[PDB]
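Single-letter residue listing:
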Protein chains: 4
Amino acid sequence: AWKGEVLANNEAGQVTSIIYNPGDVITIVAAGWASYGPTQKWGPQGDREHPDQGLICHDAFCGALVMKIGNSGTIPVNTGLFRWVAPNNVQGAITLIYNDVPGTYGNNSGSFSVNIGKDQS
Amino acid sequence: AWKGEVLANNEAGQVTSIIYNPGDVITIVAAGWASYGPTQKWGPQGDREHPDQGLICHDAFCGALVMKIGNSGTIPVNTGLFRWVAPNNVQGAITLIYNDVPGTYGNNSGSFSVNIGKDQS
Amino acid sequence: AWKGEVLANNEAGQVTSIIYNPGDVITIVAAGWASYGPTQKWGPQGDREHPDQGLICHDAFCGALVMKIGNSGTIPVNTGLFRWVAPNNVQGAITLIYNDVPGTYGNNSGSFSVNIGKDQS
Amino acid sequence: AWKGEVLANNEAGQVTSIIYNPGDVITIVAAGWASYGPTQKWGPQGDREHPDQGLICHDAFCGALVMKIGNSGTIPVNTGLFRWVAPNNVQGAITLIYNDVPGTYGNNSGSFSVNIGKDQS
Ligand SMILES: *C(=O)c1ccc(O[C@@H]2O[C@H](CO)[C@H](O)[C@H](O)[C@H]2O)cc1
Ligand SMILES: *C(=O)c1ccc(O[C@@H]2O[C@H](CO)[C@H](O)[C@H](O)[C@H]2O)cc1
Ligand SMILES: *C(=O)c1ccc(O[C@@H]2O[C@H](CO)[C@H](O)[C@H](O)[C@H]2O)cc1
Ligand SMILES: *C(=O)c1ccc(O[C@@H]2O[C@H](CO)[C@H](O)[C@H](O)[C@H]2O)cc1
Ligand SMILES: [Ca+2]
Ligand SMILES: [Ca+2]
Ligand SMILES: [Ca+2]
Ligand SMILES: [Ca+2]
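All residue numbers start from 1 on each chain and follow the order of its written sequence rather than the entry's numbering, and residues without coordinates are excluded. Following the order in which they are written, the chains are lettered starting with A and the ligands numbered starting with 1. All values in this description refer to the chains shown, which are themselves only part of a larger assembly. Water and hydrogen atoms were dropped before computing side-chain values, which therefore reflect all heavy atoms in the structure.

In terms of determination method and resolution, the entry is listed under X-ray crystallography at 1.653 Å.

Looking now at the site of ligand 2. Residues and elements named next belong to chain B. Around ligand 2 lies a shell formed by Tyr 36, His 50, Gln 53, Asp 100, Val 101, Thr 104 and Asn 107. What qualifies as a polar contact is a pair of N or O atoms within 3.5 Å, subject to a donor-acceptor requirement within protein and to the restriction that residues adjacent in sequence count only when both atoms come from side chains. One nitrogen or oxygen atom from the side chain of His 50 is found 2.7 Å from an oxygen atom belonging to ligand 2. Separating an oxygen atom of ligand 2 from a side-chain N or O atom of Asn 107 is a distance of 3.0 Å. Protein contact buries 58% of the 470 Å² of open area that ligand 2 shows by itself. Of the residues that constitute the shell around ligand 2, the class distribution is two nonpolar, four polar and one charged. A single heavy atom is enough: if one lies within 4 Å of a molecule or strand, its residue is considered near that molecule or strand. In these tables, accessible area is a Shrake-Rupley quantity obtained with a 1.4 Å probe, and a residue counts as shielded only by the protein chains included in the view. Classification convention: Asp, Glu, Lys, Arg as charged; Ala, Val, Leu, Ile, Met, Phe, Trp, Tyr, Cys, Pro as nonpolar; all other residues, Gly among them, as polar.

Further remarks concern the site of ligand 4. Residue and element names in this part refer to chain D. The full set of residues close to ligand 4 is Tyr 36, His 50, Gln 53, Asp 100, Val 101, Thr 104 and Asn 107. Taking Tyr 36, its main chain carries an N or O atom lying 3.1 Å from an oxygen atom of ligand 4. Here ligand 4 loses 57% of its free accessible area of 460 Å² to cover by the protein chains. Taken together, the residues of the shell around ligand 4 sort by class into two nonpolar, four polar and one charged.

What follows covers the coordination of the calcium ion (ligand 5). Residues and elements named next belong to chain A. Only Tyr 36 (O), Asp 100 (OD), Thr 104 (O), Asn 107 (OD1) and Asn 108 (OD1) from the protein coordinate the calcium ion (ligand 5), and they sit 2.4 to 2.5 Å from it. Nitrogen, oxygen and sulfur within 2.8 Å of a metal are treated as its donors, or within 3.2 Å for sodium, potassium and calcium (Na, K, Ca); water is not counted, so a site can appear incomplete. Look at where the donors of the calcium ion (ligand 5) fall in the sequence and you get Y-x63-D-x3-T-x2-N-N. Exposure categories follow from relative accessible area, calculated using a 1.4 Å probe and restricted to protein chains: below 20% of the type maximum is buried, above 50% is exposed, and the middle band is partly exposed. The class for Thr 104 is partly exposed, based on a relative accessible area of 32%.

What follows covers the pairing of strand β8 (residues 109–118) of chain A. Looking along a regular strand, one sees the side chains alternate between the two faces of the sheet. All names here are of chain A. Runs of H or I in DSSP of at least four residues are treated as helices and runs of E of at least two as strands, each being numbered from the N terminus. Of all 10 residues in β8, seven are buried, a share of seventy percent or more. Pairs of strands are assigned from DSSP output, requiring at least two bridges between the strands. Where strand β1 (residues 2–7) meets β8, six bridges bridge the pair, whose relative direction is antiparallel. Within β8, the residue paired with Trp 2 across the bridge is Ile 116. Looking at chain direction, strand β3 (residues 26–35) and β8 are connected through 10 bridges and run antiparallel. Residue pairing in the sheet places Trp 33 in a bridge with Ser 111 of β8.

The following block contains the structure:
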């Protein structure tokens, strides 16, 4: 299992110790407060009122937590995943990333605290 | 394991099928959007800018998800709990509740989707 | 989870730290060598060639591992149980016992090493 | 998780659906009765009184259950493994095999019923 923080201003994302293998069942819980610029802060589901101006993940709001598994495209995590199985042929290290527009991470602030574990299967 | 919705306007709370027993390890993931009145909505951590005007749980924001276990006081759930063990002598059915001021639930809207499972121990 | 030894000559049985609660899923693995009298030894499934002359559990061979849950009757364990759920209304502390005829445990020898854990549910 | 039978006379072994990956925790429970030739039968720990005359696994008795993981050497399973982690660099499909001398499986009989699951980690 892995526990750590994902900084909102980390454009490259946070590589975890979790390697997702075919058949794996995982659970993720994410908490905390972060911003993509404004003085306010939002939770792991991001800002439901903000337009998508070229986010790294178009299936989650700006300011949401998302992930990549190996060289997959971005996958929404939001508040977390409960006993979740990845799509076919998706495998590899899990990287957690704050959802923002590439090149605009410099003014981000805060972080999410995240736990990831493999479930019995 | 239990999956279900918790309505923001349900003052009594949602009784789950989960009975927390001594030694149990549990994981909860909560997602979704709800409101304690305003036209906006907030996630399971609630509204970090709103004052506490007599919330059922003073350790979480207005609009956050909280719970009771048996006849315990309110315990913050927020976005969830990862492989969590309850305090000493806390046991019984888990009831999930939206955090608002008693008598003011009538104008609430939305709900959280919540999963609860017992972990290996 | 619980790990310990169950002596063949312990007529009262070995009380474990496991309390089986309704809904619980458990796994048990038992190993080792024991005897109900003879110089030979048998594994946790006992002696398949020996008649039942008044065993505490008539659903397992003499020399097998069995258990009681709370005040239940004896239940066969043998080599173990995989993600097992108890019958309706069966609950309480798990006691492990060597299957022999009451009053004849004094000449028994050896023991089984046993692990018990609760599974995710 | 995988459940199936391992025939005593299957020299090649029974390939399971389980792929053991680095970091995996697994539990195995094996039960039943089998023989390497004689009219008697023995459990998954095999025959503790029989000499090793060139067994595929020298760390378990003749008639015991053993396994290979990928291209590893034989590893004793016996009655099972509880929340077990493989040695460094051992990975791949789990094959279950009855422990006997190569070329002598033709007169074997019976089988073991085996469950294998991955545990939370
Ligand atoms: C209008 O209400 C508004 C527009 C942008 C904004 O913040 C920027 O959002 C960008 C992503 O859409 C990017 O993250 C910039 O760094 C932010 O300043 C707030 C409000
Ligand atoms: C301040 O501008 C403000 C005050 C109240 C409010 O909504 C109410 O909040 C109450 C709890 O504090 C309760 O939930 C009421 O039903 C809401 O109308 C928003 C903003
Ligand atoms: C005959 O083959 C035979 C009969 C009894 C025996 O051992 C006794 O078995 C009893 C249970 O049936 C009890 O455990 C006694 O303590 C044993 O001596 C071995 C062989
Ligand atoms: C001695 O009494 C004795 C010798 C062999 C035997 O069975 C054979 O065991 C071999 C492995 O050691 C192999 O499995 C043969 O197929 C068996 O016939 C029983 C007793
Ligand atoms: Ca930004
Ligand atoms: Ca309200
Ligand atoms: Ca005896
Ligand atoms: Ca043979």
